[PDB]
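**Student:** Below is a structure I'd like to ask you about.
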Amino acid sequence: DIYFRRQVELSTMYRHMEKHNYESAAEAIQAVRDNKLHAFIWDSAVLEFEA
Amino acid sequence: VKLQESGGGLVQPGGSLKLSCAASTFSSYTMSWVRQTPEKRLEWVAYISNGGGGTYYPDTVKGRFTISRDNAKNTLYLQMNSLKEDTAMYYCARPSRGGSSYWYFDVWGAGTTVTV
Amino acid sequence: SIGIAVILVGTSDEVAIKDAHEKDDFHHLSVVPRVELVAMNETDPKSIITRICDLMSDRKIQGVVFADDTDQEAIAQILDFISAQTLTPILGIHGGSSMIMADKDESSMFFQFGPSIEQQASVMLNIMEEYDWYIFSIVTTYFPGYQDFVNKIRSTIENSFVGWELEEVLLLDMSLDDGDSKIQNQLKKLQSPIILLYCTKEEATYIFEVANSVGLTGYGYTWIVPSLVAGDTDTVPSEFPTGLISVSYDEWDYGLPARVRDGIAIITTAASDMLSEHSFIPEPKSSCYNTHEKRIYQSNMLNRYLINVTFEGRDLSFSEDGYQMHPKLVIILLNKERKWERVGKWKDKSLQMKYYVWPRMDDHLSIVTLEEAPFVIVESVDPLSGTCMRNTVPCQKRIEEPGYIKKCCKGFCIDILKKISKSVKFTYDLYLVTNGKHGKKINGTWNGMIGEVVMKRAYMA
Amino acid sequence: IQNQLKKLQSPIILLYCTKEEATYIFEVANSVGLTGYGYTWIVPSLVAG
Amino acid sequence: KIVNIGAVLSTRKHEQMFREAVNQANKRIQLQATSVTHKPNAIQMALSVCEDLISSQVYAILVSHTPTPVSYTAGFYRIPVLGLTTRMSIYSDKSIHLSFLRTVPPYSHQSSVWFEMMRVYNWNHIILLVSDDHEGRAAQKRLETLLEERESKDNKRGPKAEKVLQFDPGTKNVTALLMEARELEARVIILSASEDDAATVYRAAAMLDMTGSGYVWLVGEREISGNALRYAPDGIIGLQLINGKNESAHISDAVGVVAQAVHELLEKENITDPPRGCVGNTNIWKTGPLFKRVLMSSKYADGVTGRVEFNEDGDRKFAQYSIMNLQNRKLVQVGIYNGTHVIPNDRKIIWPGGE
Amino acid sequence: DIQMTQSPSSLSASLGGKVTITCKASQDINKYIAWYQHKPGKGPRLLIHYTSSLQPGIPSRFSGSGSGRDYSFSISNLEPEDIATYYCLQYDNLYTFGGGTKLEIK
Amino acid sequence: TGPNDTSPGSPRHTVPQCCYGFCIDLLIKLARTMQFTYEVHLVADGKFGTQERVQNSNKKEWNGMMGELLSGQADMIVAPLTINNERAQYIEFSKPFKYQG
């Protein structure tokens with residue numbers, strides 16, 4: 001959220017991101033598998049282990 | 001502006017006589033009126049504000065009296081019930097400097113009687 | 001009963017002021033007011049105080065309402081001194097006390113003005129978020145309380161969507177007012193279109209001569225001219241061009257007797273709150289020079305009551321010394337050598353401005369378009385700001401209604417035009433078609449975009 | 001000379017003149033503040049030798 | 001050319017100091033006299049303003065040693081800077097008074113006196129207790145202006161303190177704040193509160209044993225009254241200003257710096273005069289800033305016991321101290337202070353509590 | 001409510017004598033005083049304000065002093081067109097009245 | 001020492017929990033190397049620390065974990081905490097464990 005609000009070219013993307021964010025990693029990880037959330041953005045050193 | 005009373009009588013023993021005092025600006029002006037004893041005492045009767053509210057009496061005639069006013073016809077309305085031991089004269093008095101407060105009148109009425 | 005004293009100093013019409021309040025029926029409340037008029041050719045400070053406390057013994061006066069034909073920067077600040085000495089409320093709008101900021105006492109009982117100077121800066125931010133104006137420069141002298149003010153409008157960061165854009169604050173010492181070796185060395189930052197200037201009228205009269213001496217004339221305008229500090233639109237010298245953009249509440253007061261009646265209602269509502277919660281009336285002070293302690297300790301419930309009171313949809317919760325949240329504010333138009341008047345409207349969040357263009361001391365085009373796939377994309381506006389961030393256009397669509405809300409336009413050709421505008425020199429008047437018949441020729445005539453081409457409407461398409 | 005400036009916010013300024021009119025115009029440049037900035041750039045020796 | 005000299009407090013010092021002072025300044029350029037004492041407090045002393053100013057305020061502002069109401073009344077009239085030996089901290093508020101000048105440093109001005117302590121006995125673990133008043137916030141701003149120094153360019157620019165507190169419950173709660181402050185490893189205490197609050201932290205430090213070994217105390221001015229109020233045995237370090245109780249030296253240096261200002265203003269030409277009385281008048285008078293100018297551009301070595309200078313705010317700029325500490329219930333005097341010089345000692349530092 | 005009591009019962013004096021009648025209320029009035037005089041059947045005439053301020057048209061025959069809740073009102077040098085009866089008014093709360101006395105001439 | 005918010009809605013009941021893993025093993029090695037007595041208590045909310053302008057004023061506090069580092073609730077952060085320009089304004093870091101994106 002810092003990297004997106006820092007960037008201006010991604011600002012509209014962040015404005016599309018403001019209405020669907022989550023509070024924890026496992027919440028979005030479980031929500032991707034229930035097809036309510038088509039994509040998720042996080043670090044490689046957790047998502048590559050989780051995959 | 002001058003004050004003129006009307007509605008004088010005590011024709012029913014124990015009745016109700018709505019007396020009045022008309023005026024000829026009295027809308028920002030409060031009202032309170034006076035009966036006179038055989039000892040001539042200018043005892044107070046009732047209290048209204050200029051806007052109809054603030055309906056009060058002194059301790060002489062409390063409990064029996066129904067009070068209102070109309071600033072359009074510039075008149076007071078109160079029925080006399082407990083003056084039945086008096087041969088009183090009533091006048092109206094419009095207190096000076098207006099408002100919902102009270103001040104020192106020279107603006108008094110004419111003076112009419114209520115006799116039983 | 002409570003005692004409210006009104007005092008007018010200077011030539012005024014006490015009849016309209018008298019008549020306004022004596023028709024206000026304050027019944028349906030527990031306490032009723034008690035007015036007291038006092039006029040006005042006496043103008044020493046000592047006579048004013050020794051008149052107030054000269055009265056203050058005969059009648060139970062809970063307070064004083066003074067007037068708008070004085071100079072209150074001087075005498076009036078000592079009201080918080082005498083207020084905390086007397087524990088009696090004093091309200092009002094009036095005179096020379098235009099947005100006074102000071103370190104008044106804790107035990108003073110007095111609220112005044114309207115918005116704060118930072119709430120004023122917030123509406124100045126809502127102004128710069130109407131036309132996306134971005135501050136290139138601020139210039140303020142060393143007042144005893146300016147630099148904290150600017151360092152608070154600086155610390156009020158604005159989150160992106162927008163340029164935050166400070167680039168220079170400038171504090172100049174006006175003791176050593178060498179305009180050659182100080183104001184010249186502090187310039188060169190004036191090559192920029194926006195300069196903020198927070199000062200007084202007399203030092204502006206000096207510094208506008210210095211700005212004319214260097215060449216800060218053409219450039220058009222120099223930007224913020226805060227009205228509430230140096231408030232005399234009638235007798236301002238003008239040694240510059242136009243000026244007066246800014247905001248006060250100081251509409252020529254259609255509401256001044258209404259302000260008096262509203263304040264009386266505020267006081268009576270606070271006393272009604274005390275009678276509903278504790279009921280006891282603190283007796284007002286009865287002297288100034290004799291036995292001046294006068295039932296020394298008093299319940300601090302009135303300072304809490306002065307803030308918790310509000311009057312129906314109008315008076316705000318009165319917390320910061322008298323600095324309210326949403327009082328009515330106005331915007332002024334723009335010349336001092338021809339005493340121009342109010343041109344804007346502000347109400348409680350919103351701004352309405354009926355000029356739409358910046359004057360400057362022909363490259364203005366109307367441009368008519370059409371919504372399609374990704375060349376000109378039309379989307380709705382933000383529900384929090386009204387304007388558009390990346391879309392940067394009005395697109396004043398007609399329904400006619402050229403005041404219908406300025407729907408945002410995106411897409412490819414708009415991104416081309418925003419480069420072509422900086423390429424030569426442009427100014428948009430962007431709007432949509434209405435008949436919906438773009439590129440059509442019927443018997444005799446053309447319709448749609450070519451229809452507004454053949455009608456010679458100073459156009460592109 | 002004041003209305004023709006403001007272009008001096010820039011690091012390089014060429015100046016082709018004579019010594020006497022440079023003596024005038026260097027007073028004007030000192031009057032506006034064209035001192036610090038360091039140097040002002042071309043001072044052609046062969047003209048005012 | 002027969003100037004006036006005001007006074008406000010009481011009828012012993014008017015008799016020395018006033019008839020003697022007009023004859024002292026008469027060597028310059030002539031003077032005379034009216035003076036009063038102002039015996040009751042609020043507003044009765046504010047009542048008798050401009051019973052004396054009816055022709056004194058053309059050439060004199062009444063000066064002497066709660067000192068705050070008459071400065072507000074007789075400071076309305078565009079009245080230049082006065083030097084009065086008060087205890088106003090609230091004298092850096094240059095809008096609400098065009099007229100103040102200290103002749104004694106304020107309650108907050110012990111801070112750079114502390115800042116020079118950071119060098120001798122360099123310690124970098126400081127819990128600084130600070131009251132929630134405007135005075136405390138002013139002292140906070142001054143000490144942060146002192147912290148924001150040494151910015152060039154040896155393990156530190158200087159000792160940055162551990163933390164500070166805010167401490168609203170002066171008379172109610174010290175134990176919770178001190179229980180949290182015991183944990184932070186710091187052993188240096190800066191305490192700036194009232195003398196009754198000093199007699200209260202006398203409770204909570206003694207119950208937590210935060211007055212013993214290592215616990216160095218750095219008190220404000222109103223702790224030397226607290227020794228009476230009953231404050232704990234030793235290792236507390238306190239400061240004390242050179243005479244502010246021998247007021248004759250104050251009125252003498254006052255008469256020297258006003259005789260220098262009268263002689264400095266008398267040599268000029270456009271000395272326009274304010275109107276008389278206060279009878280509806282406004283003393284809007286262009287030589288007011290000139291009075292600040294004539295005072296701000298001259299020195300003042302004249303006097304009896306020491307060099308007195310003036311700052312941009314109106315402080316003394318010099319810090320002359322006798323520094324004490326209570327060595328078993330008595331204030332033994334240790335070295336003294338003189339601005340930027342050394343603190344030349346003549347005694348032995350005990351150390352707090354045991355050692 | 002506050003109640004007043006005037007006193008006592010008599011104004012027995014000759015032509016040009018001296019009499020005094022007292023305003024006595026149950027509560028503090030802060031010099032809230034008035035004074036009225038009337039014939040039997042004619043109607044009151046104002047005398048006195050806050051500082052015993054007399055009325056234009058009313059002569060200097062009437063003076064008074066007092067404070068707080070107790071007030072005295074003195075009449076002297078009386079011409080017998082003032083065959084009257086004197087009455088006191090307080091208005092701390094809305095209005096207040098007591099007994100008052102009547103004038104006879106001997 | 002687990003959070004009080006053991007069920008992340010209303011109730012606040014702190015309990016001793018137990019932890020293990022990567023950072024715990026490296027902390028074991030660093031504490032054994034540098035003679036560290038240490039306690040570990042979890043974070044208040046779980047929002048990784050960020051900056052925002054709070055209380056509609058001129059105050060910027062740090063939410064979450066980094067505010068607890070700033071407020072003296074801890075002195076070291078041993079967690080997967082990324083390196084940013086905004087956190088490293090006044091918070092010293094180390095050589096960063098890994099390389100990822």
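Simple scheme: letters A, B, ... for chains in structure tokens order, numbers from 1 for residues in each chain, numbers from 1 for ligands in the order shown.
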Just need the residues of chain E within 12 Å of chain G, counting only C-alpha atoms, so spit them out as a ChimeraX atom specification.

**Tutor:** /E:162-164,180-181,183-184

**Student:** Could you save those same residues with N, CA, C and O atoms as a PDB file, in the first residue's frame?

**Tutor:**
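Generated output (part28.pdb):
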```pdb
ATOM      1  N   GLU E 162      16.430  10.405  26.786  1.00  0.00           N
ATOM      2  CA  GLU E 162      15.540   9.251  26.686  1.00  0.00           C
ATOM      3  C   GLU E 162      14.147   9.648  26.212  1.00  0.00           C
ATOM      4  O   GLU E 162      13.774   9.363  25.068  1.00  0.00           O
ATOM      5  N   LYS E 163      13.394  10.359  27.048  1.00  0.00           N
ATOM      6  CA  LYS E 163      12.017  10.728  26.740  1.00  0.00           C
ATOM      7  C   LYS E 163      11.583  11.789  27.744  1.00  0.00           C
ATOM      8  O   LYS E 163      12.289  12.084  28.711  1.00  0.00           O
ATOM      9  N   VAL E 164      10.410  12.370  27.488  1.00  0.00           N
ATOM     10  CA  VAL E 164       9.799  13.352  28.366  1.00  0.00           C
ATOM     11  C   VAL E 164       8.365  12.904  28.640  1.00  0.00           C
ATOM     12  O   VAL E 164       7.764  12.168  27.853  1.00  0.00           O
ATOM     13  N   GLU E 180       6.633   3.545  35.481  1.00  0.00           N
ATOM     14  CA  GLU E 180       7.046   3.330  34.102  1.00  0.00           C
ATOM     15  C   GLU E 180       8.415   3.933  33.813  1.00  0.00           C
ATOM     16  O   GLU E 180       9.176   3.376  33.013  1.00  0.00           O
ATOM     17  N   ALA E 181       8.756   5.048  34.458  1.00  0.00           N
ATOM     18  CA  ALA E 181      10.058   5.663  34.233  1.00  0.00           C
ATOM     19  C   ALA E 181      11.222   4.959  34.918  1.00  0.00           C
ATOM     20  O   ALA E 181      12.372   5.218  34.548  1.00  0.00           O
ATOM     21  N   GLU E 183      11.877   1.808  34.681  1.00  0.00           N
ATOM     22  CA  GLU E 183      12.291   0.743  33.780  1.00  0.00           C
ATOM     23  C   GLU E 183      13.227   1.202  32.671  1.00  0.00           C
ATOM     24  O   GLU E 183      13.974   0.377  32.135  1.00  0.00           O
ATOM     25  N   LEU E 184      13.208   2.474  32.315  1.00  0.00           N
ATOM     26  CA  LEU E 184      13.925   2.917  31.119  1.00  0.00           C
ATOM     27  C   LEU E 184      15.484   2.975  31.237  1.00  0.00           C
ATOM     28  O   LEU E 184      15.967   3.613  30.287  1.00  0.00           O
TER      29      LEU E 184
END
```

**Student:** So that I can check the secondary structure, give me every residue of chain G assigned strand (DSSP E or B) by backbone DSSP, as a PyMOL selection string.

**Tutor:** chain G and resi 51-54+59-62

**Student:** Can you pull out every residue within 7 Å of residue 50 in chain F, counting only C-alpha atoms, but drop anything in the same chain fewer than 4 positions away, and send it as a ChimeraX atom specification?

**Tutor:** /F:31-33

**Student:** Take the residues that were just selected and, keeping N, CA and C atoms, output them as a short mmCIF file (atom, residue, chain, number, x, y, z; two decimals), in the first residue's frame.

**Tutor:**
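Final output, saved to result.cif:
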```cif
data_model
loop_
_atom_site.label_atom_id
_atom_site.label_comp_id
_atom_site.auth_asym_id
_atom_site.auth_seq_id
_atom_site.Cartn_x
_atom_site.Cartn_y
_atom_site.Cartn_z
N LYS F 31 -32.70 47.59 45.26
CA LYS F 31 -33.27 48.93 45.03
C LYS F 31 -34.25 48.93 43.86
N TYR F 32 -35.07 47.89 43.78
CA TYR F 32 -36.12 47.82 42.78
C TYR F 32 -37.34 48.47 43.42
N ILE F 33 -37.51 49.76 43.18
CA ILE F 33 -38.52 50.52 43.91
C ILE F 33 -39.34 51.38 42.95
#
```

**Student:** Could you tell me how far CA of residue 460 in chain C lies from CA of residue 381 in chain C, in Å and to one decimal?

**Tutor:**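 Here the two named atoms are 24.1 Å from each other.
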
**Student:** Report as JSON lines: every residue of chain C with an atom at most 10 Å from chain F, its closest pair of atoms, and their distance in Å to one decimal, counting only C-alpha atoms, with rows sorted by chain and ascending residue number.

**Tutor:**
```
{"residue": "C:1", "atom": "CA", "partner": "F:93", "partner_atom": "CA", "distance": 8.5}
{"residue": "C:57", "atom": "CA", "partner": "F:30", "partner_atom": "CA", "distance": 8.6}
{"residue": "C:58", "atom": "CA", "partner": "F:30", "partner_atom": "CA", "distance": 6.8}
{"residue": "C:59", "atom": "CA", "partner": "F:30", "partner_atom": "CA", "distance": 8.0}
{"residue": "C:60", "atom": "CA", "partner": "F:30", "partner_atom": "CA", "distance": 9.1}
```

**Student:** Limited to N, CA, C and O atoms, could you put the picked residues into a file as a JSON list (two decimals), in the first residue's frame?

**Tutor:**
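Output (part27.json):
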```json
[["chain", "number", "residue", "atom", "x", "y", "z"],
["C", 1, "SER", "N", -34.45, 34.75, 35.41],
["C", 1, "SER", "CA", -34.04, 35.78, 34.47],
["C", 1, "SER", "C", -32.53, 35.80, 34.32],
["C", 1, "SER", "O", -31.81, 35.44, 35.24],
["C", 57, "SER", "N", -24.10, 47.03, 38.84],
["C", 57, "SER", "CA", -24.38, 47.01, 40.27],
["C", 57, "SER", "C", -25.87, 47.16, 40.48],
["C", 57, "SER", "O", -26.45, 46.59, 41.41],
["C", 58, "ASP", "N", -26.49, 47.93, 39.60],
["C", 58, "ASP", "CA", -27.92, 48.17, 39.70],
["C", 58, "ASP", "C", -28.67, 46.98, 39.14],
["C", 58, "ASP", "O", -29.59, 46.46, 39.78],
["C", 59, "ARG", "N", -28.29, 46.55, 37.95],
["C", 59, "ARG", "CA", -28.99, 45.48, 37.28],
["C", 59, "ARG", "C", -28.08, 44.27, 37.33],
["C", 59, "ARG", "O", -26.85, 44.40, 37.33],
["C", 60, "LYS", "N", -28.67, 43.09, 37.39],
["C", 60, "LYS", "CA", -27.92, 41.83, 37.29],
["C", 60, "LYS", "C", -27.51, 41.52, 35.85],
["C", 60, "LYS", "O", -28.18, 40.79, 35.15]]
```

**Student:** Write out as a list in words each polymer residue whose atoms come within 12 Å of residue 41 in chain E, counting only C-alpha atoms; drop sequence neighbours fewer than 5 positions from it.

**Tutor:** residues 85, 288, 289, 290, 291, 292 and 293 of chain C; 46, 47, 48, 66, 67, 68, 69 and 70 of chain E

**Student:** Restricted to C-alpha atoms, what would the selected residues look like written as a JSON list (two decimals), in the first residue's frame?

**Tutor:**
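Once everything was written out, this is result11.json:
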```
[["chain", "number", "residue", "atom", "x", "y", "z"],
["C", 85, "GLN", "CA", -11.86, 38.46, 36.44],
["C", 288, "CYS", "CA", -15.57, 46.24, 39.86],
["C", 289, "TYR", "CA", -13.65, 48.55, 42.24],
["C", 290, "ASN", "CA", -15.26, 47.42, 45.49],
["C", 291, "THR", "CA", -14.98, 44.01, 47.20],
["C", 292, "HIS", "CA", -13.95, 42.77, 43.78],
["C", 293, "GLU", "CA", -13.76, 39.05, 44.63],
["E", 46, "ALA", "CA", -6.16, 48.79, 37.04],
["E", 47, "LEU", "CA", -8.65, 51.48, 38.05],
["E", 48, "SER", "CA", -5.98, 54.02, 38.94],
["E", 66, "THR", "CA", 0.32, 39.01, 39.47],
["E", 67, "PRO", "CA", 2.55, 41.85, 38.06],
["E", 68, "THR", "CA", 0.33, 41.29, 34.95],
["E", 69, "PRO", "CA", -2.89, 43.48, 35.13],
["E", 70, "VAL", "CA", -1.49, 47.02, 34.96]]
```

**Student:** Given the choices F:3, F:53, F:14, F:61, which gets closest to residue 104 in chain F if the distance is worked out from only C-alpha atoms?

**Tutor:**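 With only C-alpha atoms as the atom set, the closest residue is F:14.
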
**Student:** May I have the residues within 6 Å of range 39-55 of chain B as a list in words, using only C-alpha atoms and disregarding those fewer than 4 positions away in the same chain?

**Tutor:**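 With the cut-off at 6 Å, the set is residues 27, 28, 29, 30, 31, 32, 33, 34, 35, 69 and 100 of chain B; 99 of chain F.
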
**Student:** Would you output that residue set with N, CA and C atoms, as an mmCIF file, in the first residue's frame?

**Tutor:**
```cif
data_model
loop_
_atom_site.group_PDB
_atom_site.id
_atom_site.type_symbol
_atom_site.label_atom_id
_atom_site.label_comp_id
_atom_site.auth_asym_id
_atom_site.auth_seq_id
_atom_site.Cartn_x
_atom_site.Cartn_y
_atom_site.Cartn_z
ATOM 1 N N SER B 27 -47.629 45.033 21.655
ATOM 2 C CA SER B 27 -47.301 43.654 21.320
ATOM 3 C C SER B 27 -45.999 43.212 21.961
ATOM 4 N N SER B 28 -45.051 44.131 22.139
ATOM 5 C CA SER B 28 -43.836 43.872 22.895
ATOM 6 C C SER B 28 -43.990 44.271 24.356
ATOM 7 N N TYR B 29 -45.225 44.460 24.814
ATOM 8 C CA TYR B 29 -45.511 45.028 26.120
ATOM 9 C C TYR B 29 -46.265 44.022 26.972
ATOM 10 N N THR B 30 -45.750 43.771 28.172
ATOM 11 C CA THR B 30 -46.363 42.823 29.086
ATOM 12 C C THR B 30 -47.600 43.435 29.741
ATOM 13 N N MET B 31 -48.274 42.634 30.565
ATOM 14 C CA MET B 31 -49.514 43.051 31.204
ATOM 15 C C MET B 31 -49.598 42.434 32.592
ATOM 16 N N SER B 32 -50.098 43.228 33.536
ATOM 17 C CA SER B 32 -50.403 42.810 34.896
ATOM 18 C C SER B 32 -51.312 43.879 35.480
ATOM 19 N N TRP B 33 -52.349 43.467 36.203
ATOM 20 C CA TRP B 33 -53.389 44.407 36.594
ATOM 21 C C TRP B 33 -53.689 44.285 38.079
ATOM 22 N N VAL B 34 -54.544 45.197 38.536
ATOM 23 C CA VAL B 34 -54.622 45.632 39.927
ATOM 24 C C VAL B 34 -56.077 45.724 40.365
ATOM 25 N N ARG B 35 -56.411 45.113 41.503
ATOM 26 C CA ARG B 35 -57.627 45.436 42.240
ATOM 27 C C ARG B 35 -57.289 46.312 43.448
ATOM 28 N N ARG B 69 -54.296 36.278 26.664
ATOM 29 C CA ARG B 69 -54.295 37.606 26.067
ATOM 30 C C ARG B 69 -54.283 37.492 24.549
ATOM 31 N N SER B 100 -40.364 41.194 27.402
ATOM 32 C CA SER B 100 -40.958 40.162 28.242
ATOM 33 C C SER B 100 -40.592 40.355 29.705
ATOM 34 N N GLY F 99 -49.044 45.871 51.604
ATOM 35 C CA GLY F 99 -50.287 46.502 52.011
ATOM 36 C C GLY F 99 -50.438 47.961 51.624
#
```

**Student:** I'd like the contact shell of range 231-244 of chain E - 7 Å cut-off, only C-alpha atoms, skipping same-chain residues fewer than 4 positions apart - returned as a PyMOL selection string.

**Tutor:** chain E and resi 199+202+216-219+226-227+320-329+350-353

**Student:** How about saving the chosen residues, N, CA, C and O atoms kept, as a tab-separated table (two decimals), in the first residue's frame?

**Tutor:**
```
chain	number	residue	atom	x	y	z
E	199	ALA	N	7.33	18.58	46.53
E	199	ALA	CA	7.05	17.89	47.79
E	199	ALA	C	6.17	16.66	47.60
E	199	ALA	O	5.99	15.90	48.56
E	202	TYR	N	8.93	13.95	46.08
E	202	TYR	CA	9.28	13.53	47.44
E	202	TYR	C	8.53	12.32	48.01
E	202	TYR	O	9.14	11.56	48.78
E	216	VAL	N	20.37	11.45	39.74
E	216	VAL	CA	20.76	12.86	39.71
E	216	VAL	C	19.54	13.71	39.39
E	216	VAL	O	18.86	13.47	38.38
E	217	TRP	N	19.25	14.69	40.24
E	217	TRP	CA	18.06	15.50	40.09
E	217	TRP	C	18.49	16.85	39.53
E	217	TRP	O	19.53	17.39	39.90
E	218	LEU	N	17.65	17.38	38.64
E	218	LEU	CA	17.85	18.68	38.01
E	218	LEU	C	16.60	19.55	38.11
E	218	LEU	O	15.75	19.54	37.21
E	219	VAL	N	16.49	20.28	39.20
E	219	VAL	CA	15.27	20.99	39.53
E	219	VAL	C	15.23	22.38	38.92
E	219	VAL	O	16.25	22.95	38.52
E	226	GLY	N	10.93	24.58	48.18
E	226	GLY	CA	10.50	23.22	48.51
E	226	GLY	C	11.25	22.59	49.67
E	226	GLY	O	10.75	21.63	50.27
E	227	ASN	N	12.47	23.07	49.95
E	227	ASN	CA	13.26	22.69	51.13
E	227	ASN	C	12.53	22.95	52.45
E	227	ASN	O	12.85	22.33	53.47
E	320	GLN	N	24.48	34.62	35.41
E	320	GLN	CA	25.27	34.73	36.63
E	320	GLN	C	24.55	33.96	37.72
E	320	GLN	O	23.42	34.30	38.07
E	321	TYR	N	25.19	32.92	38.25
E	321	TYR	CA	24.56	32.02	39.19
E	321	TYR	C	25.52	31.81	40.34
E	321	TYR	O	26.73	31.70	40.13
E	322	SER	N	25.00	31.75	41.56
E	322	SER	CA	25.51	30.80	42.55
E	322	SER	C	24.74	29.49	42.55
E	322	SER	O	23.52	29.46	42.76
E	323	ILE	N	25.46	28.40	42.30
E	323	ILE	CA	24.89	27.07	42.17
E	323	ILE	C	24.98	26.38	43.53
E	323	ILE	O	26.06	26.30	44.11
E	324	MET	N	23.85	25.99	44.10
E	324	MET	CA	23.91	25.23	45.34
E	324	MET	C	23.66	23.74	45.11
E	324	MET	O	23.65	23.23	43.98
E	325	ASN	N	23.48	23.04	46.22
E	325	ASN	CA	23.07	21.66	46.43
E	325	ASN	C	22.90	21.52	47.93
E	325	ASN	O	23.62	22.17	48.70
E	326	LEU	N	21.95	20.69	48.37
E	326	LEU	CA	21.75	20.58	49.81
E	326	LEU	C	22.62	19.41	50.22
E	326	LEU	O	22.29	18.26	49.94
E	327	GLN	N	23.73	19.71	50.89
E	327	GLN	CA	24.57	18.74	51.59
E	327	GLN	C	24.16	18.51	53.05
E	327	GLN	O	24.57	19.25	53.94
E	328	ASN	N	23.39	17.43	53.29
E	328	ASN	CA	22.64	17.22	54.53
E	328	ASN	C	21.89	18.44	55.04
E	328	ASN	O	22.37	19.12	55.96
E	329	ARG	N	20.80	18.79	54.36
E	329	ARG	CA	19.74	19.71	54.74
E	329	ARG	C	20.17	21.17	54.54
E	329	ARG	O	19.32	22.06	54.65
E	350	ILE	N	29.05	15.65	46.61
E	350	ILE	CA	28.83	14.43	47.37
E	350	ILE	C	28.66	13.29	46.38
E	350	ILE	O	29.51	12.39	46.39
E	351	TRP	N	27.45	13.17	45.79
E	351	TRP	CA	26.87	12.32	44.75
E	351	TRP	C	25.54	11.87	45.35
E	351	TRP	O	25.43	11.90	46.58
E	352	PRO	N	24.49	11.51	44.57
E	352	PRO	CA	23.18	11.26	45.20
E	352	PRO	C	23.19	9.98	46.03
E	352	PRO	O	23.69	8.93	45.62
E	353	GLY	N	22.60	10.12	47.21
E	353	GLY	CA	22.39	9.06	48.18
E	353	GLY	C	23.69	8.45	48.67
E	353	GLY	O	24.41	9.12	49.42
```

**Student:** Once you count only C-alpha atoms, which residues of chain C turn out to be within 8 Å of chain A? Could you give them as a ChimeraX atom specification?

**Tutor:** /C:160-161,390

**Student:** Between B:73, B:5, B:13, B:37, which is the closest to chain F once you count only C-alpha atoms?

**Tutor:** B:37

**Student:** Leaving out residue 48 in chain G and any residue of its chain fewer than 4 positions from it, which residues lie within 10 Å of it when counting only C-alpha atoms, given as number ranges by chain?

**Tutor:** A: 24; G: 43, 62-67, 79-82

**Student:** Just how far from CA of residue 77 in chain B is CA of residue 64 in chain B, in Å to one decimal?

**Tutor:** 14.0 Å

**Student:** Pick out each residue of chain A that DSSP on the backbone tags as alpha helix (DSSP H); I need them as a list in words.

**Tutor:** residues 2, 3, 4, 5, 6, 11, 12, 13, 14, 15, 16, 17, 25, 26, 27, 28, 29, 30, 31, 32, 44, 45, 46, 47, 48, 49 and 50 of chain A

**Student:** Would you compute the distance between CA of residue 17 in chain G and CA of residue 49 in chain A? Give it in Å to one decimal.

**Tutor:**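 Separation of CA of residue 17 in chain G and CA of residue 49 in chain A: 24.3 Å.
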
**Student:** Near chain C, which residues of chain G fall within 10 Å when you count only C-alpha atoms, and what do they look like as a list in words?

**Tutor:** residues 52, 53, 56, 57, 58, 59 and 60 of chain G

**Student:** Those residues with C-alpha atoms, as a PDB file, in the first residue's frame please?

**Tutor:**
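That gives us result07.pdb:
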```
ATOM      1  CA  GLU G  52      -0.883   8.308   8.371  1.00  0.00           C
ATOM      2  CA  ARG G  53      -2.221  11.672   9.509  1.00  0.00           C
ATOM      3  CA  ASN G  56      -7.754  15.294  11.853  1.00  0.00           C
ATOM      4  CA  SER G  57      -4.782  17.398  12.959  1.00  0.00           C
ATOM      5  CA  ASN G  58      -1.053  17.877  12.327  1.00  0.00           C
ATOM      6  CA  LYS G  59      -0.096  14.574  13.972  1.00  0.00           C
ATOM      7  CA  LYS G  60       1.351  11.578  12.131  1.00  0.00           C
TER       8      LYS G  60
END
```

**Student:** Within 6 Å of chain C, which residues of chain E show up? Give each one with its shortest atom-to-atom distance in Å (one decimal) and the two atoms involved, counting only C-alpha atoms, rows by chain then rising residue number, as a tab-separated table.

**Tutor:**
```
residue	atom	partner	partner_atom	distance
E:44	CA	C:289	CA	5.2
E:94	CA	C:144	CA	5.4
E:95	CA	C:144	CA	5.8
E:280	CA	C:44	CA	4.0
```
